[PDB]
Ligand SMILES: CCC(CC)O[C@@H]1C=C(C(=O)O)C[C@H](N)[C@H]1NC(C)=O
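Starting off, we have a lone chain in the form deposited without the ligand, written out as structure tokens.
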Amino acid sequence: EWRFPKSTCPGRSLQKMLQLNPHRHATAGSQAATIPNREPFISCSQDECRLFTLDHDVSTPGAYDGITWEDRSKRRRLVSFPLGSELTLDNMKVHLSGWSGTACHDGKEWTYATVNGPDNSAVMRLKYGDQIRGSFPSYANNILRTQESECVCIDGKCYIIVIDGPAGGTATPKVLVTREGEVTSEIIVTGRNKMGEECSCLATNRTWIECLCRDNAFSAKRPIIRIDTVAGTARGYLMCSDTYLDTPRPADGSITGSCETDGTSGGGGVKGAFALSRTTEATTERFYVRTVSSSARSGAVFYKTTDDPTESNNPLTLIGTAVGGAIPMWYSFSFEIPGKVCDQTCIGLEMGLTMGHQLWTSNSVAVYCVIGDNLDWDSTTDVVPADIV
């Protein structure tokens, strides 16, 4: 029947599952039509896992693929591939037009959501199975956008974080509550709620959800949103650890003040992710990623903690480097693999590939899951963008 959160598979670290690298096949002499894309993420039903991403209505090599740097356009679609299929034209499935996306399976059907339209009056449409069952219009009229990673479904309701408002100022997130793709309520996020883009979300137990977000205007600390799906409420916090997770960021521990103090820098950011261990009642361990560099989007390093991230300033504990500091690392995303016996959470890593400013842009995706005792290996792309034809 309905999907709900189970206790997770035992595991005390992150180890590599797989990597997809389509543009290895886009060199001189190759015969493949690969799909350049950005903002990828994975979502799973109990039958299959799928790689979702936002394409550009074009393949590489190809004469139109010079637009792949744009964030928003009439060409972008939420597409997906079965997880493990390489990212080629024939493997691709188009779900909805739009330039911001999310998707999640509720036990019976896929829900797909994208935002579509001009910056000042965009509309989120939600697709349930084959039908568009929901529509949610822009409420601040300034780039309505969503998670760029999977949403979370519990007991037949799916929970989606949207934000609308300036990228460099106050923009308030909302939680949309959907049943069969129709928006049946909006939860107001209380507490610390002046920012919260591109949230990566996971259930922390049977009835609660925790989202790790990006503050693009005010702070190098990541906002966190917790949802109590029974009470129907959501509260925002600021991640308190001295190990600041956003990029760019100042040195560790140097933001003076309370947990929820912004600090003086804070401009810019990148979507971050986390994974966890849990029982039916509570989360027992958390796993976090951030870049090697504190000013550029390069590298990826893993950390862990058994503390509550909204109320401890202790540094996180180092797991090790998953992408060397010389390698572009951009978004990362959380997801959960439902199982019959236990569930498992994972972090995906968008290893970025680009020829430069407003030139060809795409990525390779590496996946790490909660299992084992030590980090097993770092990941590379071995794709030189100059060699892409």
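Just count from 1 along the sequence shown to find any residue number.
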Exercise. Between 308 to 316 and 192 to 200, which has the larger average Cα B-factor in the PDB entry?
Worked result: 308 to 316
For this session: Report the stretch with the higher mean CA temperature factor, choosing between 262 to 270 and 79 to 87 on the basis of the entry.
Result: 262 to 270
For this session: Name the one of 183, 276, 209, 301 with the greatest CA B-factor according to the PDB entry.
Result: 183
Problem set entry | Top residue by Cα temperature factor, when 34, 45, 37, 364 are compared in the entry | 45
Exercise. Thinking about Cα B factors across the chain, which third does residue 19 belong to?
Worked result: lowest
Problem set entry | residue 350 CA temperature factor, ranked by third within the chain | middle
For this session: Could you look up the Cα B-factor of residue 215 in the entry and say which third of the chain it sits in: lowest, middle or highest?
Result: middle
For this session: Place residue 137 in the lowest, middle or highest third of its chain's C-alpha B-factors, as listed in the PDB entry.
Result: middle
Problem set entry | Third assignment of residue 252 from its chain's C-alpha B-factors | highest
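The next section is about a form of this same protein that is not shown, the form deposited with the ligand bound.
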Exercise. Looking at 152 to 160, 259 to 267, 237 to 245, 69 to 77, which lies within 4.5 angstroms of the ligand in the bound PDB entry, counting heavy atoms?
Worked result: 69 to 77
Exercise. So, 50, 105 and 275: all three within 4.5 Å of the ligand in the bound PDB entry by heavy atoms, or not?
Worked result: no
Exercise. Looking in the bound PDB entry, any heavy atom of residue 290 within 4.5 Å of the ligand?
Worked result: no
Exercise. Contact between residue 39 and the ligand in the bound PDB entry at 4.5 Å, heavy atoms?
Worked result: yes
Problem set entry | the ligand contact in the bound PDB entry: residue 95, any heavy atom under 4.5 Å | no
Exercise. Would residue 136 show up as a contact with the ligand in the bound PDB entry if we use heavy atoms at 4.5 Å?
Worked result: no
For this session: Name the single residue among 176, 126, 143, 189 that comes within 4.5 Å of the ligand in the bound PDB entry, judging by heavy atoms.
Result: 143
Exercise. Among 112, 99, 81, 302, which has at least one heavy atom within 4.5 Å of the ligand in the bound PDB entry?
Worked result: 99
